[PDB]
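Some notes on the structure that comes next.
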Amino acid sequence: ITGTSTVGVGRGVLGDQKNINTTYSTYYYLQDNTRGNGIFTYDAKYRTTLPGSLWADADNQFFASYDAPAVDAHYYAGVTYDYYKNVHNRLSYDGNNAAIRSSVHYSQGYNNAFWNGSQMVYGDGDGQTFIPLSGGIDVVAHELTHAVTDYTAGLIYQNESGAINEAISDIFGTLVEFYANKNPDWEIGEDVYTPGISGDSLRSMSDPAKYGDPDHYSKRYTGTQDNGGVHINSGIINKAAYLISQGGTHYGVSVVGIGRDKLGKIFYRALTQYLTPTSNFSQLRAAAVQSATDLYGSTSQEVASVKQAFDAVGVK
Ligand SMILES: [Ca+2]
Ligand SMILES: [Ca+2]
Ligand SMILES: [Ca+2]
Ligand SMILES: [Ca+2]
Ligand SMILES: [Zn+2]
């Protein structure tokens with residue numbers, strides 16, 4: 001809507017207070033005009049019809065429990081936009097400042113979040129397995145990254161290309177978490193997963209096997225569930241990414257870490273310049289090697305570490 005840009009204050013899912021960009025026109029709306037063509041947050045009102053109603057508030061104060069998921073979805077979408085713009089020089093997910101839209105309070109007790117090809121959607125969780133999903137910055141960044149992938153590589157959501165699609169979202173979801181410096185780690189969804197159990201998460205990049213996910217190509221899932229194991233086999237790539245950044249010895253292969261910043265630069269280049277809709281793991285390795293070569297030289301330590309990481313997880 002058309003109005004005056006202002007700043008409101010609220011409390012997120014985890015009870016933390018933060019300022020959010022809103023727009024004033026009779027009501028205060030969750031519409032941030034400071035980033036590209038805007039960031040819009042909608043209320044799905046426990047229904048499944050999207051996007052729902054643009055979030056309207058009477059006093060620009062969002063401290064009600066019902067407001068929490070909206071506050072975080074709105075705020076973290078902004079942080080993610082800032083990451084791509086400041087670190088990778090990318091304006092929004094399409095590279096042309098496309099408006100970012102999110103709907104919260106989707107359905108009832110919905111334990112999931114997703115990008116539906118046009119916008120992000122967040123469930124509130126059942127309160128046991130998950131609390132409102134927008135409370136996790138790595139979750140929000142994971143979802144927005146699916147949009148980036150759709151507009152660039154276009155990796156098909158099935159089998160190996162789908163596992164890569166998933167890993168990319170986990171990787172950048174994690175890099176954004178580090179960017180915001182919000183208790184950063186290499187685990188996925190720890191902030192909103194099982195509120196009754198501390199120390200766990202949905203997936204782990206440092207040690208995928210911790211939750212039964214493969215950490216080597218020889219242990220890849222070949223079944224048909226989960227679209228050919230897109231959330232399962234992503235563990236193989238997540239481990240490779242973790243090794244490239246942090247280093248370590250995996251299955252007898254030693255990898256010298258090159259840091260998070262270079263990891264992000266290498267994968268972003270691979271994603272936007274070399275990957276295609278049907279790229280498989282082996283092609284991802286070639287793309288990553290070529291990207292590191294473009295950026296640091298064929299005889300650089302960076303290129304060496306990328307090769308070692310993929311050798312470590314058995315991807316030739
Ligand atoms: Ca209010
Ligand atoms: Ca964390
Ligand atoms: Ca995390
Ligand atoms: Ca937990
Ligand atoms: Zn995903």
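Throughout, numbering of the chain's residues begins at 1 and tracks the sequence.
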[Y] and [X] side chains, donor-acceptor separation under 3.5 Å:
X: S103; Y: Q119; answer: yes
X: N111; Y: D126; answer: yes
X: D226; Y: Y221; answer: no

- Item | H142 (side chain) donor-acceptor with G189 (main chain) under 3.5 angstrom |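 The answer is no, because no donor-acceptor pair under 3.5 Å joins these two groups.
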Does atom [atom1] ([X]) have a neighbourhood of more than 12 heavy atoms from anything else shown, all under 6.0 Å?
X: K219; atom1: NZ; value: no
X: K85; atom1: NZ; value: no
X: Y28; atom1: OH; value: yes
X: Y211; atom1: OH; value: yes

Sidechain N-carboxylate O distance under 4.0 Å for [X], [Y]:
X: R203; Y: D213; answer: no
X: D200; Y: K210; answer: no
X: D294; Y: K265; answer: no

- Message: Distance to the ring centre below 6.0 angstrom and angle to the axis at most 45 degrees; does that hold for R101 and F40?
- Response: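 That pair qualifies as a cation-pi contact.
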- Message: For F178, does the six-membered ring have the charged nitrogen or CZ of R260 within the cation-pi criterion, i.e. under 6.0 angstrom from the centroid and within 45° of the normal?
- Response: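 The answer is yes; both the distance and angle limits are met.
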- Query: So which pairs with a foot in residues 254-302 pass ring-ring contact (aromatic ring centres under 6.0 Å, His included), sequence neighbours left out?
  - Reply: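 Counting only pairs at least two positions apart or across chains, the ring-ring contact (aromatic ring centres under 6.0 Å, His included) contacts touching residues 254-302 are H88-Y268, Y217-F281.
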- Task: Please report the C-alpha distance between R35 and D82 in whole Å, then the side-chain angles of each, then the deciding distance to 0.1 Å, and finally whether the salt bridge (charged side-chain N to carboxylate O under 4.0 Å, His left out) criterion is met.
- Result: CA-CA 8 Å; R35 299 178 167 91; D82 291 348; 2.9 Å; yes
- Message: According to side-chain hydrogen bond (donor to acceptor under 3.5 Å, both in side chains), who are the partners of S305, at least two apart in sequence or on a separate chain?
- Response: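 side-chain hydrogen bond (donor to acceptor under 3.5 Å, both in side chains) list for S305, sorted by chain: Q301.
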